[PDB]
Structures are given as C-alpha cells and as structure tokens.
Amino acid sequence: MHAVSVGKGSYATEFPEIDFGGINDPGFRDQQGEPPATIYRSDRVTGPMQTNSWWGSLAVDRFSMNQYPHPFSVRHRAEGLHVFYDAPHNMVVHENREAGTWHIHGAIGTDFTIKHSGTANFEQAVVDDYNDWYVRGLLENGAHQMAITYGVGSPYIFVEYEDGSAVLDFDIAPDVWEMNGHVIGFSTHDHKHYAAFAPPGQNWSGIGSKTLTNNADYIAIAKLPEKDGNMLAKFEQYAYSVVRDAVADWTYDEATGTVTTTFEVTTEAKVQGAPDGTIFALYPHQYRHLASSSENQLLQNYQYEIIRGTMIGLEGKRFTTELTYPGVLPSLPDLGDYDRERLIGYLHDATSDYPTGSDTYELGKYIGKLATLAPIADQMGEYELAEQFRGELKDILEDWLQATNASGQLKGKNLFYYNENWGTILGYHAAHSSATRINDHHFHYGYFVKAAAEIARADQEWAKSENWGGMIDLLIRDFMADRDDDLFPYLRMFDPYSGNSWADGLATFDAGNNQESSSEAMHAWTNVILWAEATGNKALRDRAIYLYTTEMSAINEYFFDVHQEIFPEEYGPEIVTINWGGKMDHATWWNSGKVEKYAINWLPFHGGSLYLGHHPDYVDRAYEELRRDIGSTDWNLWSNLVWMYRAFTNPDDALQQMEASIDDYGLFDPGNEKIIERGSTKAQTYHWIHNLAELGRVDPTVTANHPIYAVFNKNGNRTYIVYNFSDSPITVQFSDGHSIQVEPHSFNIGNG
C-alpha cells in the first residue's frame, strides 16, 4: 500500500502529498522533497547507498567535486583525476574582520592529472566499490576505463586501466630525481614530492617533459613525506598491494570502559609476493591513542601536514587505538543548593514553551526541552508536572511515528517516509536539507530518541517493539545501522577513520564534507546509549558507546585542539566551529554573533555533556577568549549556555552571572534568545549550574564497570553518581576502589 506497519506505528513507502500549512516561502516549500534521483554508482554497487561520507560528491556529481583523501586532495574530471597536495605556500588563514569569521584553507589546484592513454574525455565517474573508509571511483568510456582506489589516511592512489595505459600530465615539467626504470621519484616545480610505481619491467618515459608515460595497465602514486630514497624504497614495498577491503572493528570492555578499535586492510597483489599490508597515514586522534602493540609499526619521520595537523605513517596490515568511554547519565541528579521553590517555579514557567517551527529540528529542540525537564520535575516532587511533560512527549511521538490517518490514508505532515532510491528515512516537515540532501539525521533524530529514552525510563510498556519502540529503533537504524542492514547503509553518519560524523548527505562542496554541531552528534550517541539501556539492547548500546567515545576523541583534536598542536598560531579563536575535509571555519551556517560560533559546539546541555569538561585548561582558555572578544560578560546571545559552560571550571562566576540576569527572562519568548537559548530553559540552567557548584570538576581519571555513571571531584572530595535502568540491583565498581549499590530503576550517589 502506501505504508508499512511497525508495531503500533508506521512509515510511508510512497512520497506523501505535503500539507504546507499555507506557506509561500520558496525555501521552506523546497525543503519538502527528496534527495536526487540519479546516483553515480556502477552496477556492482547495490542496495542502500552510503551517504554522509568524505567521498560523497563522486556519487552525486557526474564527476566529483574536490575531495580530501588526506594527505591528498583529488577531483574527478572528464580528462582524468587531478591530484594535489596543499603545501605551506598553498595554505592561508582568511578573516572577515567585521563579521568575526576566520577560515583556514588551501587551494583547489592540480599538481598533476592521472590520465588514460586512449581517452581524452570520459563521460562520467562512478562509485564502483567502497568499504569503511576507502573508495573505488571508476571513470568510464565504453571499453576504456580507469579505476582509482584512494582513501582518507592513504598516501597511495592505486590506478587500474582497461584498454589503455598510464599517463601523468603536468602543466609544468616535473623534476624526476630518481629514475629506477619502473619506479620514479619526482617533484613538482614548486617542490612537492611524489613517486610513481609501475610493475617491474614496465619503464617510465617522457622524463624531462610535461607528460610521464608508462605502458603498464597498473600504477600507484604515492605522496612522499620527504625527497628521500629510503622512503621511496619503503613506499615501493607496498605499492603493488591494492586495498580491496578496509574494516574498522571495535570492542567495548564492560569492566574497564576501554573502547578498542582495530583498523585492518586486505590487499590484492599486483606483482608476485606483494605483502598483505599498506602504509597508513594516521590522524592525531589515532596516533595519540595508539595501542602499545601498534607503536612498533609507527614511522615517526613519515609526516604529512594537512588541515588537521600532522599525519604520521604506520606500516602493516592493521593498527589499533584504545579510548576510554567516560560514562553518561540520563540527567544530573538532585544535588545542587538551589532554592527549591524557585526551581519549581521555573518548571511551571516551562509549560508555556512551544515549538518554534513544524520541522523535525525545531520539534526536536522542543521535545528535548520537555525530556530534560521531566526528571528535574521528579526530583523536585512535582509528580503531576513530570507526568504532564512525559504525557506530551508520548502524544508528540505517537503522532510522528504514525504515517497514516484514522482511515489509512497518508498524512501530509508529522510523519516519516522511506526513500527507497537511496535507502533512508526522511521526516516531514523537513529543514536544513534533511530530506533534500539527507543532512543532519543524527542531529534531528537524536532529539526524538532523547524523548523516547525518557519515556522508556518511566514506561517500559510504551517502549516495547510491538508498541512504539519498533519505530524508534527504525529511526536509529537510519543514522547508525549495523552491518548488512536491509534498509540502510552501515553507520550512515560516521566516518570511522576520520573519527567524526559528517553532516552533509551529498558532500557536494569543494571543501569536502562538513560538520558544525559536534555537540548535537554527541547528543545523538548519548541518547541511543540511554535508550538501548532502557530497552535492554546491549549490541545497540555498545555501538553507541563506540560512536560516543571515538567522536569525543576527534572533537578534542579538531574542534577544540586541547593539546594546542593543530590550529596555526595566527588563528585567533580558541575553537573551530565547522570542520570540513579540506578546511576549518570559525563561522556558522546562519547569520550569528560571537557566542554562537563557540556555543553551537556545546549545546544542548544534557546528561552526556560532561565530556566538555575533561580538559579544564581548555575550558578556561576558550571562555577567556570569548570573554575578551565580547569585552565583558554581556553575552550577545545564549547567555545561559555560556553560564553553564563556565560552570565546568568556575561555578562561582557562573552563579554570579546567572543571578544577575536569569530573572530578566519571564515566560517563553521565541523571538529573544539573549538570556535563554530557545532549546533550553531557566529550570535546566538553574539546576545545571547549582549541581556543578556542589559537585566540582568532572573527573575523567575514574572509570566504572557500568556504562551509566559519572564521577566528580571537588578539592579531593569525589562524588559518584550511577543510574540503574535494570529491574535487578547492581554493585558498581570504580577504578579508584570505591563501590556502590544501586537499586532497580533508580539513581544512587556516593562520596569518598
């Protein structure tokens, strides 16, 4: 028919006739559509299509747009594949001073072009295969084909020809500084070092000219870290080992909190005896966390400078990283020294709030706000109020998770639809190109999961598969599915090697893909942990823990640069707002002021936000730079978010600021976000800051054998917080020796 039943809910299988609610705005109306009809993929690539990847423009554009398989940038064109490396003289830091924006980026250049000897112009470039982080692009022209295999973290580009041979074309003649017949080392006229490898017996010609040629039907290109014969020889050892498979496998240790990820390639040999291995180029978030047994394969002097700092080479079939999952909570407990009747008052005030739009995002922000208040209402003994908040969440979700009306016809808004062409669940009304570009599904659907996790915490019946849980589990599968999911691609949002989520479904930019709100990604992963725990789904929980923890490790390098090794000295801000494959911006997608270019990577605040306080020196440095640029603590917007962030290191200051201004906000005022950001409340703000004043600093040096906890430390006095979703009492062991018993369906708090 028109819809598929999933428990008590349903999703549409036919595109609905949208009810626009009388809005003429061309923007809003254009959001209510589908992603592109044409997918540039070969007949070998079948089933739900992978999206939100560093390589996506190859699947969407007839050729490709500019891509960043670090350390390279590349792009597909009719004439062949252009290859480029951003050297220091290509890199700039640009500024719009009056806008207060900053931009770190390079050039869209060409060092050379990989061509096919028999074809001046290919008709298109398609995705021919892909794995966890490499892609195979296929340039095609009847019998003539050129298949290029490349990847983030790969300093090789492997090229396979059909009915033709290899040509490397240069605008200016390169210096060929090592000619070993079938292997050459060369430099561009502007001193960038590369190597090309053909099979033994197939020699290079055109030395001294603008065009190097080889009769072989296979070559590899390598970016060399230095002009150096020893490196050239090392690269030669693995140049005939073409990557066919690449897998990021992970485990979560329930006793230690350790997330262990093993990155493994499988290669096919192009010459006899070629080893099963490659040379990886590791990003900072990987080599900073390399397992002991992987340190021996690291090539310390094989470095590449890229937008994300220094990459370091590592040789072999596999390497392993080890991270520490720090725990999450469903909310903060009742431990602050707030005026309780004042907080109760703020909870009543919040009934006045309403969604500021009909789309999945604004509705998400609203339900996140309700889900945040319910546990605070419980803690304050306002059980009527808490039930009213959870009642409204049910009502909103039972509507949105049902595609059909009473008579079985499709609704025209507040529903989900399965786009079969790509293989994705789309929500209408849509915004931020969630439907048209398959953008931001974790950001949006994360709030729906937040709502469902809070309901599930209190009402297991509602959350059962046959009830409303099935539809919730479907939205989750859309943005973070496991392997071999019939409807969706694996881990849609996440790039396991780059270590972060990519927000754009199509990636059709010359800076590659991008991510703005890393905090909204972490919010999605947090809420899936909570939901999985509330509904008894260990596999789902552990996958969300792996995502949470890996994303954390990348936020600390590329958004915050906590170790001060990534951002160039002349970049003024203490944060990057938007990370792209090939660039970094201090800027927002909408017209914003100063605070927002920081705080969009803090919000929303919730029980998984404590990762933001792991590096107190960074938190002080970032706040101070924002304060200096503002010129005071008169925040241009979102004051409450700045107060809550400041509370991670100076809760006295946070409190003083809050007391001075919080009660200049009355009831919900959608048009004024100066004091309270519209996805937040006074109650949340007051509860958060007072709790942190009592608890002290987040303490990441203590782990536990349970996933739902937090440890705080206030001048040597630790507080231990645990929540038990199970109907069995548990004992939780902390790594410092502390122990606590927690009853079914509740918090417990200990001190030491």
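Start at 1 and count along the sequence shown; that's the residue number.
A.B. asks: If you average the CA temperature factors over each stretch, which comes out higher, 449 to 457 or 434 to 442?
C.D. replies: Going by the record's values, the stretch with the higher mean is 449 to 457.
A.B. asks: Could you settle it for me: does 491 to 499 or 254 to 262 have the higher average Cα B factor in the PDB entry?
C.D. replies: Higher mean C-alpha B-factor: 254 to 262.
A.B. asks: If you compare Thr356, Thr360, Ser680, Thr526, which has the highest Cα B-factor in the entry?
C.D. replies: Reading the PDB entry, the winner on C-alpha B-factor is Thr356.
A.B. asks: According to the deposited entry, which of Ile555, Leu212, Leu530, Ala507 has the largest Cα B-factor?
C.D. replies: Among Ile555, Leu212, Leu530, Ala507, the PDB entry lists the largest C-alpha B-factor for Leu212.
A.B. asks: Would you check the entry's CA temperature factor for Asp249 and let me know if it's in the chain's lowest, middle or highest third?
C.D. replies: Middle third of the chain for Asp249's C-alpha B-factor.
A.B. asks: Sorting the chain's CA B-factors, does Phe28 end up in the lowest, middle or highest third?
C.D. replies: CA B-factor rank for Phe28: highest third.
A.B. asks: Give the position of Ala37 by CA B-factor within its chain, expressed as the lowest, middle or highest third.
C.D. replies: Answer is middle: the recorded C-alpha B-factor places it there.
A.B. asks: Relative to the other modelled residues of the same chain, rank the CA B-factor of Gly56 and answer lowest, middle or highest third.
C.D. replies: Bottom third by C-alpha B-factor.
A.B. asks: Which third, lowest, middle or highest, does the CA B-factor of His94 fall in along this chain?
C.D. replies: Its C-alpha B-factor belongs to the highest third of this chain's values.
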